[PDB]
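Here is my input, please return the structure:
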Amino acid sequence: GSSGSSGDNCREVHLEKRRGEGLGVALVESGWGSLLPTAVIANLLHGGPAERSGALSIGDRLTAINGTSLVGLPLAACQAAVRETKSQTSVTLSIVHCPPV
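Numbering: from 1, shown residues only. Provided below are the atomic coordinates:
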């Protein structure tokens, strides 16, 4: 049925880049958390396929890319996976969508 319940709090953001086009994203290693670290956007290329979106901005925490659960993996992994997209003409970024306290 229509899967919809308090469990997964994220936002799927698909993009359209050119074959071999730099995604235009900069992630780093974060400590904040409970058991494992998270992927936090350190910097973004003001003028890329990811930024052009407007929603994805420095800070947001990445969870996966094009269907690649990165949550848990070290920054290196995310840095190696985020690069692959370069060749791809599409990019699906999924970050956390927490409510405005």
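
quick one: residue 78 is in a strand?
No: counting by DSSP: H, G, I helix; E, B strand; the rest coil, residue 78 is located in no strand; its state is helix.

What residues does it make contact with?
27, 39, 62, 65, 70 (Cβ atoms under 8 Å, 6 or more residues apart in numbering). Heads up, the C-betas are built off the backbone N, CA and C, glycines and all.

who are the neighbours in contact with the closest residue in space to residue 60 that isn't next to it in sequence?
Excluding its sequence neighbours, the residue lying closest to residue 60 (Cβ to Cβ, 6 or more residues apart in numbering) is residue 95, at 4.1 Å. By Cβ under 8 Å, 6+ apart, the contact list for residue 95 reads 10, 11, 13, 56, 60, 61, 62, 63.

Could I get the full set of strands for the chain?
Along the chain, the stretches classed as strands by DSSP state E are 11-16, 25-29, 39-44, 61-65, 90-95.

Rebuild those as JSON lines, extending it with distance to residue 1.
Below are the strands of the chain laid out as JSON lines (distance: least, Cβ to Cβ, whole Å):
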{"stretch": "strand 11-16", "distance to residue 1": "19"}
{"stretch": "strand 25-29", "distance to residue 1": "35"}
{"stretch": "strand 39-44", "distance to residue 1": "31"}
{"stretch": "strand 61-65", "distance to residue 1": "23"}
{"stretch": "strand 90-95", "distance to residue 1": "22"}
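
sorry, back to before: make TSV out of the contacts of residue 78 and add distance to residue 52 and neighbour count.
TSV is the format used below for the contacts of residue 78 (distance: Cβ to Cβ, whole Å; neighbours: other Cβ atoms under 10 Å):
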residue	distance to residue 52	neighbour count
27	18	20
39	20	26
62	17	21
65	17	22
70	22	19
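
centroid residue for the chain?
The chain has residue 62 as the residue nearest its centroid, 3.5 Å off, counting by Cα atoms, centre = their mean.
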